[PDB]
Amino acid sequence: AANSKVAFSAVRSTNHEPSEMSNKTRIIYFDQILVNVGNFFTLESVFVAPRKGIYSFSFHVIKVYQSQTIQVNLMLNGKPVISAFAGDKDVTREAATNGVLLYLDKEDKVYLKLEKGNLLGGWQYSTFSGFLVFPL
């Protein structure tokens, strides 16, 4: 727990339907916390950068069945930064997955929003993780 050590990792462990709040914010959440060094990943959904630096993020959102399609956005402070897609009607399961490095200021917020579609059948096995590569 030095301040150079910041990481989190989370999974959706069940096929439960989305909560009301997730339903309105459209923000995807992950209930099983595998890693949360620094406790800067809060509300099962959003990471708050503790300091200025480069941060790695990666996500893998699985649609149990066709949705029809979903578009997942990686959000930084209310603006979409990266996008991923899961599309075909016949194909299940399909995953909207992507990853990236980001320059973050202290208090910056990174999280996943669902732009299109919904996680109706649950999004079990979906993953969200990130860490501080180095401070700046």
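Numbers for residues come from their place in the sequence shown, where the first is 1.
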- Which is higher in the entry, the mean Cα B factor of 81 to 89 or that of 31 to 39? 81 to 89
- Using only the Cα atoms and their B-factors as the entry lists them, report which of 15 to 23 and 123 to 131 averages higher. 15 to 23
- Which of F59, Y111, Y55, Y65 ranks first by CA B-factor in the deposited coordinates: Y65
- Based on the PDB entry, the highest CA temperature factor among the options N98, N73, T69, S45 is that of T69
